[PDB]
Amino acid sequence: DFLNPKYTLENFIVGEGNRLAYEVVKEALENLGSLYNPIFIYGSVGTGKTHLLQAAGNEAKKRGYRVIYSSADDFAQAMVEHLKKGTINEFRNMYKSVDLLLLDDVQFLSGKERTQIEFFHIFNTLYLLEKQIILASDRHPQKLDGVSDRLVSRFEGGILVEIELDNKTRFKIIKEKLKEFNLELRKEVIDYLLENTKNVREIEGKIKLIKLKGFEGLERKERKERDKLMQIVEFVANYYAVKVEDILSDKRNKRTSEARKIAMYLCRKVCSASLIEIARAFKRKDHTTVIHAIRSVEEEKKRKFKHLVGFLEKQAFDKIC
């Protein structure tokens, strides 16, 4: 079945960002295959998709139902394996015989035509038998490029629910995590974590650093990192002939805009600063900007503009790292 007992409906914290999904999944458990079929959950990374699929599976199993969980990529890989071993038929029969199929990360179905075809047939069978299907994806079906149209209509015949990890929810999670890892529910720590994380992965990442360096050790280290990013800005300046005060704003001047690009690039490439961190460094708050900025810098790679940047990288290192 491939279920990890640690995920449960009971330890799924509910907030207004994941309520629909949660409620729908729960309604479905009380009337397996008869109310909603299929259920298609979507949301960005670290948002509850896998947890919710697996919590449903654990419930259905604890109730006596036959369950299979699998990510689409492993599904694809398993189907190709059975096909060459001569067992494609045990592959189908396996999947066609469950009370509850959980296919996680459906996006990865793209390109895998055979896999899609084989999944359609499994989908139909379970469906005609009113067997429950729960899918999860990082994007809405309408954004599934590379997945057949027929699979997409089918998904759209069911219930589609977006899932989010909202602030009230992270907050509660953060409290749970701090007890998990034996830290204190201290306002500053809880606050620090709220401002600097979106995932549980990032929360555990910060916690790891806190246990290692102490909460105040992390603050010091991060302060130093910010200082260095500023040192890089000072650097790009003195070389480009633009002031600092200047380099930090949306002033499109190609004498600044082109210094802003390399800088961000240097912060990214020389100090290993995250996008968010770089974004914060250069007073602004959003996505786009940075990403494509660093892109443009790679457009210049097409050996010309490379040697400059290369030279700037090396100097920045010796002077700031």
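Throughout, we count residues from 1 along the sequence that is shown.
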Using none, 1 to 3, 4 to 9 or 10 or more, say how many deposited residues go missing between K302 and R303.
-> 1 to 3
Ranked by mean Cα B-factor in the entry, 161 to 169 and 239 to 247, top stretch is 239 to 247
Do the C-alpha atoms of 252 to 260 or of 31 to 39 have the higher average B factor in the entry?
-> 252 to 260
Tell me, please, which of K285, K26, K62, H51 has the highest C-alpha B factor according to the deposited entry?
-> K285
From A56, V45, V67, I294, which pick has the Cα B-factor that tops the rest in the entry?
-> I294
CA B-factor ranking of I203, expressed as a third of its chain = middle
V98: CA B-factor among chain residues, third -> lowest
Chain-wide C-alpha B factor ranking for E234, given as lowest, middle or highest third = highest
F311: CA B-factor among chain residues, third -> highest
